[PDB]
Amino acid sequence: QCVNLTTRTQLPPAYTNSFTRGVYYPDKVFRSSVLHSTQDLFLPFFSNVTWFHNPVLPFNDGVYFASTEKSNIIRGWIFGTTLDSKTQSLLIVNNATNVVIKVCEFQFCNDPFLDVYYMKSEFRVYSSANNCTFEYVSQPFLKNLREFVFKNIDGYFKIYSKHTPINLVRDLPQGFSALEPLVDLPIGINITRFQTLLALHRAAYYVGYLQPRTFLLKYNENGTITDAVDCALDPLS
Amino acid sequence: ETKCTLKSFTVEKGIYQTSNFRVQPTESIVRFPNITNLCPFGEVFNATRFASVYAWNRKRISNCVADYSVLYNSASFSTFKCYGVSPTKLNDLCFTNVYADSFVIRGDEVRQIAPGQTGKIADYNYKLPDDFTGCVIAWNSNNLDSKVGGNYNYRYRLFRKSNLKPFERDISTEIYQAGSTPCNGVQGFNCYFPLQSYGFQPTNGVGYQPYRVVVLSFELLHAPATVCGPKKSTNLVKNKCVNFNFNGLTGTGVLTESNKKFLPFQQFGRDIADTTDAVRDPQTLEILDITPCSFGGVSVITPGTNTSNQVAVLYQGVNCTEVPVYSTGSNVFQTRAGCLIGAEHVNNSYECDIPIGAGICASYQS
Ligand SMILES: *[C@@H]1O[C@H](CO)[C@@H](O[C@@H]2O[C@H](CO)[C@@H](O)[C@H](O)[C@H]2NC(C)=O)[C@H](O)[C@H]1NC(C)=O
Ligand SMILES: *[C@@H]1O[C@H](CO)[C@@H](O[C@@H]2O[C@H](CO)[C@@H](O)[C@H](O)[C@H]2NC(C)=O)[C@H](O)[C@H]1NC(C)=O
Ligand SMILES: *[C@@H]1O[C@H](CO)[C@@H](O[C@@H]2O[C@H](CO)[C@@H](O)[C@H](O)[C@H]2NC(C)=O)[C@H](O)[C@H]1NC(C)=O
Ligand SMILES: *[C@@H]1O[C@H](CO)[C@@H](O[C@@H]2O[C@H](CO)[C@@H](O)[C@H](O)[C@H]2NC(C)=O)[C@H](O)[C@H]1NC(C)=O
Ligand SMILES: *[C@@H]1O[C@H](CO)[C@@H](O[C@@H]2O[C@H](CO)[C@@H](O)[C@H](O)[C@H]2NC(C)=O)[C@H](O)[C@H]1NC(C)=O
Ligand SMILES: *[C@@H]1O[C@H](CO)[C@@H](O[C@@H]2O[C@H](CO)[C@@H](O)[C@H](O)[C@H]2NC(C)=O)[C@H](O)[C@H]1NC(C)=O
Ligand SMILES: *[C@@H]1O[C@H](CO)[C@@H](O)[C@H](O)[C@H]1NC(C)=O
Ligand SMILES: *[C@@H]1O[C@H](CO)[C@@H](O)[C@H](O)[C@H]1NC(C)=O
Ligand SMILES: *[C@@H]1O[C@H](CO)[C@@H](O)[C@H](O)[C@H]1NC(C)=O
Ligand SMILES: *[C@@H]1O[C@H](CO)[C@@H](O)[C@H](O)[C@H]1NC(C)=O
């Protein structure tokens with residue numbers, strides 16, 4: 001139901017400063033007023049993070065995705081190797097009602113999108129869906145920025161989330177906020193690349209990559225991570 | 001045992017160390033979350049209509065908790081036949097994506113559904129692998145799948161060019177050439193239809209009545225398993241040295257109420273050096289503490305076997321409640337060093353000769 005889009009929108013691939021954002025709870029253990037050193041996959045402090053104002057992007061090991069979107073134009077995600085019916089693929093859609101997670105051999109066109117009519121209903125992301133393996137439905141997720149961390153380890157797809165009101169215009173705020181664990185999925189896909197879905201009428205988001213390194217985390221009395229320190233940035237660190 | 005440790009037949013005045021007292025666990029408890037997400041087997045077992053033997057209903061099952069005990073004790077079903085997996089151990093074994101193949105056949109041919117079995121519909125309609133890991137459940141449905149005028153709505157494959165591979169579903173309806181001339185869609189010589197209707201009647205005897213038959217196939221591939229039994233749990237006890245298996249986290253100790261405020265997604269906690277301190281029961285969803293059962297050495301206070309013969313016993317660092325031949329003895333005294341049996345507490349004060357600890361000591365008078 002979708003064809004090649006002539007209007008090749010250009011989102012300038014700028015670089016900006018990661019600051020000290022992208023910290024998530026690494027396990028499911030309560031700790032109070034203790035300083036814990038842990039080695040795991042994180043986003044290194046003060047790094048170049050890509051800013052777009054729908055290109056194909058590599059998945060690498062994990063992905064930190066953020067968007068200070070208003071009116072919720074961001075829709076969903078596509079994951080896999082070739083994004084075709086020839087290979088097992090994964091799809092996330094977050095429409096007005098319950099979010100839908102799908103794992104099938106979906107076939108998409110060159111430019112998958114949702115589109116809206118003004119009556120607000122249109123869906124032409126893919127073309128065919130022949131062989132399915134997993135299905136799931138949950139509660140919908142959603143001046144305000146939304147951050148997600150995607151990891152895929154041992155046939156387990158882990159999503160961590162956090163949304164926070166914002167007042168700054170362009171760059172990422174220079175604050176700290178841990179990311180609580182949102183969902184785990186027991187499905188194994190050799191994801192190598194991914195994509196994004198928008199809501200067009202009938203656009204700025206940030207992307208960063210993870211690396212293995214060692215961090216030090218400080219827990220408060222109630223077990224909420226309140227600050228963290230990198231162990232390979234500066235001699236003081 | 002004081003003499004035995006000293007390896008002497010005479011013992012001098014003092015206090016001597018001996019074996020270590022330790023409390024032992026009493027019983028065991030296990031806790032698992034509320035058994036929910038019961039697997040939808042009624043939709044395939046109590047369905048109004050089943051499909052034909054050549055077009056058997058195939059269903060996939062995943063992400064569910066399967067209760068096989070009810071079917072195990074189900075007296076309505078007559079055939080509960082299988083050898084690959086023991087019927088009573090299904091709840092223990094855990095699999096993923098169980099397959100259900102259901103249909104209605106004749107009573108006489110129910111034997112044809114078996115590994116390494118041949119017949120009329122076994123090799124033509126539904127074939128089973130020789131290494132089948134599943135179980136076939138069949139039961140009479142004469143009162144439901146038959147008509148007093150004759151049930152002609154069920155058909156079976158009779159003529160095929162070749163046999164049927166295991167786990168194959170062929171629904172092709174094409175004319176069969178039994179000779180050396182093409183049929184060209186004509187029921188001429190050496191031309192027979194592959195499908196023949198069943199003639200179920202209520203008055204038909206045993207073996208001619210319609211039997212509903214469904215096979216369950218268990219598979220376990222590299223992806224994590226998700227379909228298996230309910231994992232029954234015991235009840236909860238407190239203030240007793242027991243051992244526990246809280247949601248797979250197992251260990252010994254004694255549990256009490258706690259006031260910690262877990263953030264809504266954790267399950268347990270620890271302080272330092274990997275020592276669990278609190279847990280959350282997966283049913284009540286409340287925080288409980290854990291402390292190890294009491295232990296500590298024991299000591300013997302004696303005035304010297306030359307002078308007298310009676311002794312006193314000290315359990316150091318032990319609350320004077322789990323005291324237990326000397327379980328009662330004399331009046332029992334509780335001090336910051338532990339619990340003392342065989343001595344009398346007084347209100348006087350003299351010089352110290354046999355130091356006990358925490359600023360107190362004992363002497364012989366009793
Ligand atoms: C959001 O998407 C779903 C499908 O992805 C739309 O339809 C729902 O589909 C599920 C799947 O069977 C049904 O159980 C629901 O009853 C459907 N309706 C709902 C959830 O309202 C759904 O209509 C979409 N919501 C919109 C367009 O607002
Ligand atoms: C539909 O997709 C699923 C999952 O991708 C396939 O199931 C398994 O796929 C892996 C892929 O390497 C195989 O090794 C397994 O043998 C498959 N298991 C089963 C039970 O099939 C499934 O085969 C696919 N089906 C079709 C028709 O493409
Ligand atoms: C991801 O790719 C690896 C290959 O690098 C897959 O491992 C293979 O799995 C098949 C199916 O069991 C085996 O026959 C091969 O021998 C495996 N090769 C190696 C090198 O291990 C792996 O199964 C893939 N995983 C997913 C989820 O797609
Ligand atoms: C951590 O937990 C404590 C304990 O509940 C919280 O302190 C309470 O905060 C509320 C809201 O202001 C007060 O009404 C209570 O009187 C406080 N109780 C105590 C014992 O301090 C605290 O707000 C939580 N969060 C942080 C960051 O400490
Ligand atoms: C687990 O199941 C038990 C069995 O019903 C629940 O115990 C009672 O549940 C009802 C309804 O949910 C409550 O009104 C009662 O107060 C519960 N009894 C108690 C708490 O002693 C229990 O609530 C369930 N727990 C969860 C987390 O689902
Ligand atoms: C040994 O254990 C008992 C049982 O807990 C302790 O007795 C408690 O003492 C506190 C403090 O006075 C009271 O609030 C509780 O009501 C008591 N419980 C019972 C069942 O009596 C006792 O204090 C402990 N021994 C020592 C030396 O502290
Ligand atoms: C990003 O890279 C540019 C060079 O391409 C560099 O000048 C800038 O300092 C980098 N920003 C970082 C590492 O935060
Ligand atoms: C089908 O219905 C009968 C009659 O109530 C019941 O005993 C049986 O458990 C049901 N089957 C399933 C799979 O629930
Ligand atoms: C026992 O002790 C007393 C003094 O306490 C001493 O006079 C006596 O000789 C001792 N008896 C022995 C060593 O047999
Ligand atoms: C004397 O000691 C006993 C216990 O040894 C105690 O119950 C009593 O109150 C004490 N009396 C005085 C006057 O100290």
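Every heavy atom of this structure was used, including side-chain atoms; hydrogens, water molecules and symmetry mates were not. Letters go in sequence order (proteins before strands), and every chain restarts at 1. For ligands, and for the atoms within them, numbers begin at 1 and follow the listed sequence.
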Salt bridge present between A:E147 and A:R21 (N-O < 4.0 angstrom)
yes

Are any non-hydrogen protein atoms located under 4.0 Å from atom 7 (O) of ligand 9?
no

Under the 4.0 Å line, does any protein heavy atom show up next to atom 17 (C) of ligand 5?
no

Which protein non-hydrogen atom lies closest to atom 1 (C) of ligand 6, naming both residue and atom, and how far is it?
B:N319 ND2, 1.4 Å

When the ring centroid of A:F30 is compared with that of B:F268, is the distance short of 6.0 Å?
no

Mark whether atom 26 (C) of ligand 5 lies under 4.0 angstrom from at least one protein heavy atom.
yes

Salt bridge or not for A:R146 and A:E69, using N-O below 4.0 Å?
no

Take atom NZ in B:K3; do more than 12 heavy atoms of anything else shown fall under 6.0 Å from it?
no

Quick one: nearest non-hydrogen protein atom to atom 9 (O) of ligand 9, plus distance?
B:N306 ND2, 4.9 Å

What is the nearest protein non-hydrogen atom to atom 5 (O) of ligand 9, stated with its residue, atom name and distance?
B:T307 OG1, 4.3 Å

Sidechain N-carboxylate O distance under 4.0 Å for B:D277, B:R270:
no

To the nearest 0.1 Å, how far is atom 28 (O) of ligand 5 from its closest protein heavy atom, and which atom is that?
B:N34 ND2, 2.9 Å

For ligand 5, which atoms, with element, lie under 4.0 Å from some heavy atom of B:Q283?
25 (N), 26 (C), 27 (C)

Below 4.0 angstrom, counting only protein heavy atoms, does anything approach atom 3 (C) of ligand 5?
yes

Can you find a protein heavy atom under 4.0 Å from atom 8 (C) of ligand 5?
no

Distance to the ring centre below 6.0 angstrom and angle to the axis at most 45 degrees; does that hold for B:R31 and B:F246?
no

Protein heavy atom under 4.0 angstrom of atom 11 (N) of ligand 9, is there one?
yes

Proximity of B:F218 and B:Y99 rings by center, below 6.0 Å
no

Do any non-hydrogen protein atoms sit less than 4.0 Å from atom 20 (C) of ligand 5?
no

